[PDB]
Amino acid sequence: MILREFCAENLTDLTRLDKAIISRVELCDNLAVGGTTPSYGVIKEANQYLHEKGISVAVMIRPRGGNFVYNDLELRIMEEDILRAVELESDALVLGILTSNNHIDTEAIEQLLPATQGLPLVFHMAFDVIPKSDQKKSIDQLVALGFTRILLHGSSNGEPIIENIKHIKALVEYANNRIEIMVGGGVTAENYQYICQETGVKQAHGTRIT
């Protein structure tokens, strides 16, 4: 039983979702740039709408597109958006911060931890930018930071996820159930099952997951 997560932009396509197949949705806007934090109205209404249909909501916390190297003002934005996301009863927060050298910016993330108020945390696709050699350590760091899961593609150049099986499986084995691994990027209703059984992953993310 693989857990499927639908990646939505606002609540336009939510009316066809069914908890029987989709258990969670990643709520964001601007998917053209990879997804950003949706408006307050969208978060409040989507959460109530989805909860009503029995589906969890993971809110995207990203101040804009491009880099994952945020300046002070952008971090101030993210902290604010996190406070609202929690007061609006969001089930999870999706974020990702990296240093100029493509490593996990632990200090920046710790600055936002208090605002998270214990809600489940997920590190997004920014994980793939991390050099493959520092990948495993990053997992340990995410575990130490209290993160619940990691959404990754297995590569950063956009190659077919099907060719990242070996690497993704190594990450799952190394994670050793200390944190959940979720596959995303090119994950559809045609390959999500195969990819999961060959890697040991039990969660799939995608805009065309169904």
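A residue's number is simply how far along the shown sequence it sits, counting from 1.
Higher average CA B factor: 171-179, of the stretches 171-179 and 57-65. Higher mean CA temperature factor between 195-203 and 9-17: 9-17, per the PDB entry. The maximum CA B-factor among the listed residues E74, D140, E80, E89, taken from the PDB record, is found at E89.
Placement of the Cα temperature factor of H124 within the chain: middle third of the modelled residues, per the deposited record.
When all modelled residues of the chain are sorted by CA temperature factor, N30 is found within the lowest third. In the PDB entry, a CA B factor belonging to the middle third of its chain's modelled residues is recorded for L145. Ranked within its chain, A85 lands in the lowest third, by CA B factor from the PDB record. Sort the chain's modelled residues by C-alpha temperature factor and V42 lands in the lowest third, per the entry.
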